[PDB]
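Report on the following structure.
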Amino acid sequence: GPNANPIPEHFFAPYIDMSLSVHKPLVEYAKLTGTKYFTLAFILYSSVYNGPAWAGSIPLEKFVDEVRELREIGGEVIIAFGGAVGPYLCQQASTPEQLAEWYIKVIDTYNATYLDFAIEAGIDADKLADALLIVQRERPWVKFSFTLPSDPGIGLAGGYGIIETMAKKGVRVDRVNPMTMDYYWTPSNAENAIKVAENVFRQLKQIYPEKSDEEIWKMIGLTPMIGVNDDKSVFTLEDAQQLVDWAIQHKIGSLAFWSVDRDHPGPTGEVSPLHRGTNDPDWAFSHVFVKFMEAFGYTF
Ligand SMILES: CC(=O)N[C@@H]1[C@H](O[C@H]2[C@H](O)[C@@H](NC(C)=O)[C@H](O[C@H]3[C@H](O)[C@@H](NC(C)=O)[C@@H](O)O[C@@H]3CO)O[C@@H]2CO)O[C@H](CO)[C@@H](O[C@@H]2O[C@H](CO)[C@@H](O)[C@H](O)[C@H]2NC(C)=O)[C@@H]1O
Ligand SMILES: [Mg+2]
Numbered sequence: 407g408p409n410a411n412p413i414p415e416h417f418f419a420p421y422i423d424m425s426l427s428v429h430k431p432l433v434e435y436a437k438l439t440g441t442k443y444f445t446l447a448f449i450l451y452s453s454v455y456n457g458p459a460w461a462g463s464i465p466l467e468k469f470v471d472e473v474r475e476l477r478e479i480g481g482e483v484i485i486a487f488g489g490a491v492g493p494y495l496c497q498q499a500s501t502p503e504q505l506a507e508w509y510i511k512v513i514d515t516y517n518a519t520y521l522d523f524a525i526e527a528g529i530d531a532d533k534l535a536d537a538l539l540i541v542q543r544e545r546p547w548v549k550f551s552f553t554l555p556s557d558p559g560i561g562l563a564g565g566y567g568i569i570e571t572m573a574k575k576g577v578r579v580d581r582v583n584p585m586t587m588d589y590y591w592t593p594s595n596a597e598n599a600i601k602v603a604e605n606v607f608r609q610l611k612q613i614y615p616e617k618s619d620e621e622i623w624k625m626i627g628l629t630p631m632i633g634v635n636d637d638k639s640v641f642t643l644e645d646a647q648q649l650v651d652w653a654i655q656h657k658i659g660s661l662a663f664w665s666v667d668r669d670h671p672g673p674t675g676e677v678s679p680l681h682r683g684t685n686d687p688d689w690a691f692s693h694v695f696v697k698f699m700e701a702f703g704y705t706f
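If you read the sequence shown in the entry's author numbering, its first letter stands for residue 407, the second for the next number, and so on.
Dropping the structure here:
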């Protein structure tokens, strides 16, 4: 379309922390990473603007022109809410109507076709669901992704309750994207990400028993944290390749990672938003993950 492009059936849309001073134009990231799809992080509640803003403080409309330039090369975005630090819109809103108004403002500002709710903190899932019922009614072309904490012993944690609530309320669930990272008791590697995927598969089958195996895998995305994780385990380039190959084999819906600006070598084991604390060359993880899309027709 004019001001929105198709996202492939099997896509890779890594997270960009939009608040960083190092922020490049999205078109430049497309050239460097090899993907022209990104998840833009994060919209939070800003007290200053009394509504949505990047990192809860940066004007909502700041990146509109970057998104239109990305669309000129056929790229497209997913807009993410939430993340590791609040306050979330869904926490601050007094009513589902107010919450829906805020989500819709973000949709309309970016002509968004896909929203991602990266819900790490405790929330009122009922209030979220009621807002999303309004959103999907008023903006029926917009897909909803839910990006949630996960663990290889359980799959989704409290996030499972969020999906259960969405399903029962009749809120569309286009993507369930466990964050396969930061378990603390066991390392963030390919083996554990695959265990998470299998657990989430079983979880979604319980919610949606009428869906085929392939329908369930299509709903699933996986998001590791590249290189050093907050718990000091390391998701290596070898882990990345193994996970990509598993993901291709299982024809899952998507991959992403945290994060684009971390795809640079850095001092060993140091946690930073600007590098990944491993020695792999610039953009190495990006190029491996792009292979997931390439298997299914993508070329850039
Ligand atoms: C898309 C997604 O929301 N992205 C981010 C996600 O946040 C992780 C937290 O950072 C992490 N906390 C630290 C202390 O480890 C958290 O770990 C918990 C697990 O969720 C949890 N497991 C589940 C099953 O309950 C539990 O067992 O323990 C751990 C520890 O409490 O995990 C979440 C993901 O679930 O990951 C990135 C990277 O950390 C995070 O990025 C940070 O984002 C903030 C803004 O929110 C930026 O200011 C930071 O710069 C950025 N850090 C990195 C180094 O760039 C996203 O928010
Ligand atoms: Mg929110």
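Cβ atoms here follow ideal geometry from the backbone N, Cα and C, with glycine treated the same way.
{"Check": "DSSP three-state assignment for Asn605, whether helix, strand or coil", "Outcome": "helix"}
{"Check": "Presumed contact (8 Å Cβ cut-off) between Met625 and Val582, rounded CB distance", "Outcome": "6 Å"}
{"Check": "Selection from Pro593, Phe698, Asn409 that minimises the alpha carbon distance to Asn517", "Outcome": "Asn409"}
{"Check": "Cβ-heavy atom distance, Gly489 to ligand 1, below 6 Å", "Outcome": "yes"}
{"Check": "Per-residue DSSP class, three states only, for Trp460", "Outcome": "strand"}
{"Check": "Closer than 6 Å: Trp547 CB and nearest ligand 1 heavy atom", "Outcome": "no"}
{"Check": "Inter-residue spacing [alpha-carbon to alpha-carbon] between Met585 and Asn456", "Outcome": "29 Å"}
{"Check": "Nearest candidate by alpha-carbon position, reference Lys575, set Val696, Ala537, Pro687, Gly488", "Outcome": "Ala537"}
{"Check": "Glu570: CB within 6 Å of a non-hydrogen atom of ligand 1", "Outcome": "no"}
{"Check": "Where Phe702 falls, given that 16 or more other Cβ within 10 Å makes a residue buried", "Outcome": "exposed"}
{"Check": "Among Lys638, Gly675, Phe641, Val694, nearest to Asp651 - alpha-carbon criterion", "Outcome": "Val694"}
{"Check": "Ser678, DSSP secondary structure in three states", "Outcome": "coil"}
{"Check": "Inter-stretch contact (C-beta, 8 Å, three-pair minimum) for the region 428-436 and the region 484-494", "Outcome": "no"}
{"Check": "Secondary structure of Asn583, DSSP reduced to three states", "Outcome": "strand"}
{"Check": "Member of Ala573, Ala506, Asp580 whose CA lies at the smallest distance from the CA of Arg545", "Outcome": "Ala506"}
{"Check": "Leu562 beta carbon near ligand 2 (any heavy atom closer than 6 Å)", "Outcome": "no"}
{"Check": "Simplified DSSP state of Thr515, which is helix, strand or coil", "Outcome": "helix"}
{"Check": "Cutoff 8 Å; reference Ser692; Cβ partners in own chain excluding five residues on either side", "Outcome": "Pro420, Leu438, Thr439, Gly440, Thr441, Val666, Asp669"}
{"Check": "Range covered by the alpha helix (DSSP H) that runs through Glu482", "Outcome": "Looking at the DSSP string, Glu482 is not in any alpha helix (DSSP H); the run it does join, the beta strand (DSSP E), is 482-488."}
{"Check": "Cβ-heavy atom distance, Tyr494 to ligand 2, below 6 Å", "Outcome": "yes"}
{"Check": "Proximity test, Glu676 beta-carbon vs ligand 1 heavy atom, cut-off 6 Å", "Outcome": "no"}
{"Check": "Residue of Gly683, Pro558, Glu482 minimising C-alpha distance to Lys601", "Outcome": "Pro558"}
{"Check": "Beta-carbon proximity of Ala599 to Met572, cut-off 7 Å", "Outcome": "no"}
{"Check": "Burial state of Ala563 (16 or more Cβ within 10 Å)", "Outcome": "exposed"}
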